[PDB]
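Below, chain A is the first sequence line, B the second, and so on; all start at residue 1.
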Amino acid sequence: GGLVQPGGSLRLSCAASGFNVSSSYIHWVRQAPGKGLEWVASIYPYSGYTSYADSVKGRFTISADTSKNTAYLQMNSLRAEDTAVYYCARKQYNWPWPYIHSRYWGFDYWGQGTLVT
Amino acid sequence: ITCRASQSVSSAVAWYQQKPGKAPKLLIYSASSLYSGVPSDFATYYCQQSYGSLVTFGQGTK
Amino acid sequence: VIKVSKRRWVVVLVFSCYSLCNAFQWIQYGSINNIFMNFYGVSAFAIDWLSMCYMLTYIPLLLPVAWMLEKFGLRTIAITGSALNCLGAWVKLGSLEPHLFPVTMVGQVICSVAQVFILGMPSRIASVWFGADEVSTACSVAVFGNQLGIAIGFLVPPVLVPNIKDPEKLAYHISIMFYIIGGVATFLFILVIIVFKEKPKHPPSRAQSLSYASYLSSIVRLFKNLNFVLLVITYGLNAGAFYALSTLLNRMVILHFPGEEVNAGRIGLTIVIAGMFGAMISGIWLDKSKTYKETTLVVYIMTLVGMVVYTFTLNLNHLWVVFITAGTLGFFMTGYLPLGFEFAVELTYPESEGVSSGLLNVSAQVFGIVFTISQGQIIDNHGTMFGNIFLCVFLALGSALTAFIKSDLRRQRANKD
Ligand SMILES: C[N+](C)(C)CCO
């Protein structure tokens with residue numbers, strides 16, 4: 001976290017411990033003052049699969065070095081819309097147990113947030 | 001509270017309790033599974049789907 | 001009392017069905033090769049080994065299963081093959097997470113073991129249950145089951161599993177395929193336990209009534225034959241070229257026509273189903289013409305031509321030429337298989353069919369491994385054109401040797417005196 005000038009490039013770096021980051025999915029959720037929680041991107045850091053919200057589109061890019069247990073969200077083009085506390089969340093892989101269990105994990109290990117203005 | 005979905009999410013909805021100035025807390029996963037760490041005060045409660053390549057929270061409820 | 005039952009057609013239709021189910025598993029992964037490589041994050045070599053484990057297991061375990069088919073009898077082998085099919089199909093369920101490619105491989109090695117018990121049965125099922133005017137129909141049904149399993153394992157996986165990237169929506173689509181084939185395998189295993197009988201109450205055939213009232217030694221007199229060694233090597237080159245082309249078909253078709261995974265499975269089906277007409281036509285023409293070396297030579301050279309056509313038109317960006325050329329190549333590659341087996345029976349008449357067939361199989365499997373590994377390295381480095389010219393140069397070599405196999409027909413020399 002920290003302060004950036006519009007049109008800049010910030011690299012948020014989330015670090016985990018106690019669970020290996022390649023086992024799970026890692027999500028980034030921003031929450032601006034008075035707009036509630038808003039999902040940004042996710043990554044399965046073993047398959048490198050990443051997903052992004054149509055809101056960011058091109059600017060943001062999520063990645064992870066699954067050898068130090070850290071994920072990174074780098075920004076490229078910023079607005080006044082992109083200012084908010086950025087939380088790091090984990091979903092654990094939802095195993096395909098059709099009907100018999102069918103358990104849809106929800107982030108259970110949220111991040112303590114980091115402010116970016 | 002009532003959370004409805006524009007598509008089929010198929011019980012991949014979770015509920016989160018966010019009290020002011022803090023990271024949220026998971027309450028119910030799978031739409032019907034109480035999370036052990038935070039089992040059931042007053043705060044903002046957000047529902048959230050996980051069915052789809054993009055994860056979508058709710059409007060927000062105080 | 002000599003009489004044929006009606007269980008003779010149940011026993012075979014059940015065998016043919018679990019025989020079909022194992023063959024789908026042989027290719028269930030090779031058919032979506034780029035999708036499993038993405039799921040498990042492994043190479044193409046690693047997903048190729050899910051096809052090559054069937055070839056590798058068959059080689060050491062061919063003699064032990066022959067010894068157990070003679071010592072324990074037909075029903076134990078049936079129960080064993082169908083149970084190992086069920087067990088592999090049901091172990092594959094515990095590998096549905098990107099990190100669990102060792103578990104998919106363990107389940108596939110179990111299914112490969114099941115293969116060795118399934119492939120030794122057809123001729124003995126025919127012998128034990130069917131009259132002497134029905135044994136060839138029975139063996140044809142029993143081998144048609146396996147090959148229809150290969151054609152269904154090429155067409156169904158891509159249809160059931162899309163080329164998507166999310167590791168947990170893709171495991172949903174893989175788990176549905178694993179569940180179907182674990183449910184089908186379990187149904188056929190339960191069927192076998194109830195349906196399979198060791199023997200019919202009466203002998204079906206006069207030869208079977210007679211038989212009721214050593215392999216290693218055969219193997220060492222078969223390598224005293226230069227013509228049979230030529231035929232072993234050339235049949236191996238041809239059937240191993242087919243194993244290589246099947247394992248590696250998704251790779252090359254997807255390198256050229258990206259996004260066409262459904263049509264890659266359809267082209268595999270085209271290969272196999274055209275080849276079933278090849279085997280049917282060849283077998284008929286051979287049985288009615290008795291020209292063993294000349295038919296073998298013509299269908300081998302035509303295998304060469306069809307690979308040269310397939311090689312040098314795969315880059316024309318027309319996916320319909322790939323259908324023509326693969327359905328032709330399969331026609332002749334699978335049409336050559338009955339010829340090879342028959343000409344080996346003839347070139348070695350006093351010897352046991354089942355040893356000549358076991359040796360022809362062992363060579364096909366050794367060359368299938370050699371080619372699949374080799375070609376995949378060539379393709380990964382030099383492209384599909386050079387990976388395919390690699391398989392044209394061995395079909396040309398095999399064609400050159402098929403010309404040097406002397407037409408020594410010892411079965412026609414004996415059976416009409
Ligand atoms: C006989 N199959 C082709 C099914 C397996 C090859 O190893």
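- Ring-plane geometry between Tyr51(B) and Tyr104(A) is classed as perpendicular, the angle between the planes exceeding 60 degrees on a 0 to 90 degree scale with a lower cut at 30.
- In this structure, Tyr35(B) contributes its side chain and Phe107(A) its backbone to no donor-acceptor pair below 3.5 Å.
- Within the 4.5 Å cutoff, side-chain heavy atoms of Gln18(B) are placed close to those of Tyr87(A).
- Neither the backbone nor the side chain of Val40(A) comes within contact range of chain B; no heavy atom of the residue lies under 4.5 Å from a heavy atom of that chain.
- Looking at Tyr52(A), the atoms closer than 4.5 Å to chain B (heavy atoms on both sides) all sit in the backbone: N, CA, C or O.
- Minimum heavy-atom separation, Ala23(B) to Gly111(A): CB-O, 2.9 Å.
- Note that the OG atom of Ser36(B) and the CG atom of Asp108(A) stand 8.5 Å from one another [nearest 0.5 Å].
- No side-chain heavy atom of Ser42(A) sits under 4.5 Å from any side-chain heavy atom of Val55(B).
- What you find for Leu26(B) and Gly106(A) is that their closest heavy atoms are CD2-O, 3.6 Å.
- Counting only heavy atoms from C-beta outward, the side chains of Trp39(A) and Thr56(B) never approach each other to under 4.5 Å.
- Residue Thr44(B): no heavy atom, backbone or side chain, is found under 4.5 Å from chain A.
- Under the 4.5 Å side-chain criterion, counting only non-hydrogen atoms from C-beta, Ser33(B) is not in contact with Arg103(A).
- Using a 3.5 Å distance cut-off with no hydrogens or angles, the side chains of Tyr46(B) and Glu38(A) do not pair a donor with an acceptor.
- Of the listed residues (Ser32(B), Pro24(B), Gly58(B)), the greatest number of heavy-atom pairs within a distance under 4.5 Å of chain A belongs to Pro24(B).
- Taking chain A as the reference chain and counting heavy-atom pairs below 4.5 Å, the highest number among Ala14(B), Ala12(B), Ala31(B), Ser10(B) is found for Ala12(B).
- Heavy-atom pairs under 4.5 Å with chain B were tallied for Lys35(A), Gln31(A), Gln112(A); the largest tally goes to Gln31(A).
- Other residues, nucleotides and ligands contribute more than 12 heavy atoms inside 6.0 Å of the CZ atom of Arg79(A).
- Using cut-offs of 30° and 60° for the angle between ring planes, the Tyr16(B) and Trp110(A) rings count as perpendicular.
- The neighbour count for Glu81(A) CD, taken as heavy atoms of other residues, nucleotides or ligands under 6.0 Å away, does not exceed 12.
- Within a 6.0 Å radius of OH in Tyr109(A), no more than 12 heavy atoms belonging to other residues, nucleotides or ligands are found.
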